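Chain identifiers are assigned alphabetically (A, B, ...) following the order of the sequence lines, protein sequences preceding nucleic acid strands; residue numbering begins at 1 within each chain. When reading the values below, keep in mind they use all heavy atoms of this one structure, side chains included, and skip hydrogens, waters and symmetry mates.
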Amino acid sequence: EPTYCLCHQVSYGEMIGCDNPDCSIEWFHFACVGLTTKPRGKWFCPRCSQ
Amino acid sequence: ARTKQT
Ligand code: NA
Ligand SMILES: [Zn+2]
Ligand SMILES: [Zn+2]
């Protein structure tokens, strides 16, 4: 099973993809990045946003 | 944003 996110765990629940094509993680669990609902438009992760 | 359900 592939792992994802800042937390390095398997996919679960809703996930969000980072819009930096060079992102090293790519997919994140909503709660790990402080989200309850889908943001509109492009989104970048905390490592990409700084 | 792009999202998926597991
Ligand atoms: Na990292
Ligand atoms: Zn996570
Ligand atoms: Zn990123």
ask   = Same hydrophobic cluster for A:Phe30 and A:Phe28, using side-chain heavy-atom links shorter than 4.5 Å among ILVMFWY?
value = yes
inquiry  = In this structure, would A:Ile25 and A:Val33 fall into the same cluster of hydrophobic residues linked by side-chain contacts under 4.5 Å?
reply    =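 In one cluster with A:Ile25: A:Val33, yes.
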Say you draw a straight line from [atom1] of [X] to [atom2] of [Y]; how long is it, rounded to the nearest 0.5 Å?
X: A:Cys18; Y: B:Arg2; atom1: SG; atom2: CZ; answer: 8.0 Å
X: A:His29; Y: A:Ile16; atom1: NE2; atom2: CD1; answer: 12.5 Å
X: A:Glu1; Y: A:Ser11; atom1: CD; atom2: OG; answer: 7.0 Å
X: A:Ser49; Y: A:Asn20; atom1: OG; atom2: CG; answer: 9.5 Å

key: Contacts of type side-chain hydrogen bond (donor to acceptor under 3.5 Å, both in side chains), residue A:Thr36, not counting sequence neighbours   =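 Counting only residues at least two positions away or on another chain, A:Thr36 forms no side-chain hydrogen bond (donor to acceptor under 3.5 Å, both in side chains).
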note = Taken in chain and number order and not counting sequence neighbours, the residues that satisfy side-chain hydrogen bond (donor to acceptor under 3.5 Å, both in side chains) with A:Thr3 are none
task = Measure from NZ or CZ of B:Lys4 to the centre of the six-membered ring of A:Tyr4, then state whether that distance is under 6.0 Å and the direction lies within 45° of the axis.
result = yes
key: Any donor-acceptor N/O pair, A:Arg47 side chain to A:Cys23 backbone, under 3.5 Å   = no
request  = Would you name the heavy atoms of A:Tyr12 and A:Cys32 that are closest together and state the gap between them?
outcome  =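 So the minimum-distance heavy-atom pair works out to OH-SG, 4.4 Å.
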query = What pair of heavy atoms forms the shortest contact from A:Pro39 to A:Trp43, and how long is it?
reply = CG-CD1, 4.0 Å
